[PDB]
Number of protein chains: 2
Amino acid sequence: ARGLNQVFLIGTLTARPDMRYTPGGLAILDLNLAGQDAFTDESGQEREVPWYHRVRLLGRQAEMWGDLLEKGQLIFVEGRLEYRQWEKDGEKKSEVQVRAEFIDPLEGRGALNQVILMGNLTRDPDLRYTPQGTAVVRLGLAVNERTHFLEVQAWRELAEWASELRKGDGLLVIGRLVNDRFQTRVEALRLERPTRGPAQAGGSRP
Amino acid sequence: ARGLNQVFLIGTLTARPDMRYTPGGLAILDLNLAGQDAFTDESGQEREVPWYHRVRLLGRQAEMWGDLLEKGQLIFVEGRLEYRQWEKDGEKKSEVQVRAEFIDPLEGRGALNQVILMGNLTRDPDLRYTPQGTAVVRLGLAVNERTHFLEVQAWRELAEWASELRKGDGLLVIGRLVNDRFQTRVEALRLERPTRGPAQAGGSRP
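Residues numbered from 1 in each chain as written, not as in the entry; some residues may be left out. Chains lettered and ligands numbered in written order. Heavy atoms only, no water.

Points about the overall build of chain A
Then, number 1: What chain A contains, in helices and strands, is 2 helices and 11 strands.
Then, number 2: Along chain A, helices and strands appear, N-terminal first, in the series β-β-β-α-β-β-β-β-β-β-α-β-β.
Then, number 3: For chain A, the C-alpha atoms occupy an extent of roughly 60 × 50 × 35 Å along the three principal directions.
Then, number 4: Total accessible area on chain A is roughly 11300 Å²; 45% of this is exposed by carbon and sulfur atoms.
Then, number 5: For chain A, the centre of its 29 positive side-chain charges and the centre of its 30 negative side-chain charges are spaced 5 Å apart. (Helix = DSSP H or I, 4+ residues; strand = E, 2+ residues; numbered from the N terminus. Areas by Shrake-Rupley, 256 points an atom, 1.4 Å probe, with all protein chains shown as cover. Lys, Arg positive; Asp, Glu negative; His and termini not counted. Charge placed at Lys NZ, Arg CZ, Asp CG, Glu CD.)

Here it is in structure tokens:
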């Protein structure tokens, strides 16, 4: 594909979902989900961070659930990232939220956070280093599967590789959604550069 | 969702793709991809297995690439699993293949195998144990996002949990696609049971 925007989550409801409708009649259901990621590796030496994401469900899906979800329920989400900007208003000029296309409450018997995107860089990479000497890069990505602008961050080896990218380059991103004003951004676990599609005729050749 | 069928791969072409058309004019392009998964964990004690999957691209996508792919090219695939059965013919009565909706050749500068499914069990679980005493279960899953029948396998803790499932139960599967007659099946890395949708009125109540 050219523009790809996919989010998969599995977290627990932190409050009872509260229904709501628009003046015209559109059902809107916001679910606050929490879970955690184990950023650790090797034989320990690291640990694991928590995440809290509000996911929005609209329409008939919102209509069939906005009444049955109890605080503490484990839920599976299949959705995408939504970018919105305005004047005035909010916290701030803009926000990125998770939009649920579907949801499926799961049995708890007695967390998953994955994101995959593909777009174009909106500006040149920004490589920086931490006091300890760890490479870190911030990337601006434009995704149109309106256009959505998303922030991505990568560390160490990946950061240094990404520092060689150029504004406008295509980028495939695979990672997890993270928090922090306050901003929802993507923490890249994997990065690849898709070579552009087939090569036209060309005036002077290439 | 109810029926979910998503496959994501990143592997290297093992031969130059060979174009082909149907009598009516449909473009068909088969790509043979290879890669490997590191089934290992903890401080070693394990290693990593290889995979070879033929992915089929049809139509205009097949038309725009079936000429530019060189043996050795790294490719990203976004697709789904396809089940086909017949009489006579093949190897054998049936086959499961990966159907590519899109593909994106990637720059190699100078592997990914993930599957997510949701369907219903077609029969009761089959729990077995290895000589070493390791729990292993084989599950039959029916997915309709025609219906596709897929085989799934899980080990240890997951296998014993899955042995408590019943024919007809809903199941969410997250794992990797594996080989081996010869059969393409799914190796579950994660399993969850989605509680069925909202509860009707009910004659005697439930």
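Let's pick the thread back up.
Digging into the environment of A:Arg2
Residues and elements named next belong to chain A.
Then, number 1: Along the chain, the position of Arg2 falls in the segment before β1 (4-13).
Then, number 2: Take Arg2: its relative accessible area is 39%, and that puts it in the partly exposed class.
Then, number 3: Those residues within four positions of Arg2 in sequence are excluded, and the remaining contacts are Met118, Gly119, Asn120, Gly170 and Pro194.
Then, number 4: Of note is the side chain of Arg2, whose polar atom sits 3.3 Å from the backbone oxygen of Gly119. (Buried < 20%, exposed > 50% of the residue type's maximum accessible area, 1.4 Å probe, protein only. Contact = heavy atoms within 4.5 Å. Polar contact = N/O pair within 3.5 Å; in protein donor to acceptor, adjacent residues only side chain to side chain.)

Here we look at the pattern of salt bridges
All names here are of chain A.
Then, number 1: Under the criterion given, the structure shown has 26 salt bridges over all chains.
Then, number 2: Linking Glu63 and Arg60 is a salt bridge whose minimum nitrogen-to-oxygen distance equals 4.0 Å. One end of the pair is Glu63 and the other is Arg60, both in helix α1 (residues 60-65) and 3 residues apart, which spans about a single turn.
Then, number 3: Of the residues examined, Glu63 reaches a relative accessible area of 32% and is grouped as partly exposed.
Then, number 4: Here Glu101 and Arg80 are joined by a salt bridge, their closest N and O atoms 3.5 Å apart. On the criterion of sequence distance, the pair formed by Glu101 in strand β5 (residues 94-106) and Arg80 in strand β4 (residues 74-85) is long-range, its members being 21 residues apart.
Then, number 5: Under the relative-accessibility criterion, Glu101 is labelled partly exposed at 27%.
Then, number 6: For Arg80, a relative accessible area of 21% gives the class partly exposed.
Then, number 7: Because the salt bridges share partners, they merge into one network encompassing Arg80, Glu82, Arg99 and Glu101. (Salt bridge = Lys/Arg side-chain N within 4 Å of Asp/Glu carboxyl O.)

Some points on the interface of chain B and chain A
Then, number 1: Taken together, the contact pairs 34 residues of chain B with 34 residues of chain A.
Then, number 2: Of the roughly 2800 Å² buried between chain B and chain A, counting both surfaces, carbon and sulfur atoms make up 63%.
Then, number 3: On the chain B side of the contact with chain A, B:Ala1, B:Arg190 and B:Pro198 bury the most area, a combined 18% of that side's loss.
Then, number 4: There are 9 residue pairs in polar contact connecting chain B and chain A.
Then, number 5: Those elements that provide at least two residues to the side of chain B that touches chain A are β1 (4-13), α1 (60-65), β4 (74-85), β5 (94-106), β6 (112-121), β10 (170-179) and β11 (184-192) of chain B.
Then, number 6: Among the elements that make up the side of chain B that touches chain A, the one with the highest residue count is β5(B) (5 residues).
Then, number 7: Residue composition of the side of chain B that touches chain A, grouped by class: 22 nonpolar, 4 polar and 8 charged. (Buried area = accessible area lost by both parts, 1.4 Å probe. Nonpolar A, V, L, I, M, F, W, Y, C, P; charged D, E, K, R; others polar.)

Quick word on the domain arrangement of chain A
Residue and element names in this part refer to chain A.
Then, number 1: Examined at the domain level, chain A breaks down into domain 1 (1-109) and domain 2 (110-204).
Then, number 2: Centre-to-centre, using C-alpha coordinates, domain 1 lies 22 Å away from domain 2.
Then, number 3: With 28 residues of domain 1 in contact, the opposing surface of domain 2 contributes 29 residues.
Then, number 4: Together, the buried faces of domain 1 and domain 2 total about 2500 Å²; carbon and sulfur atoms form 54% of this surface. (Domains from an automatic or database assignment.)

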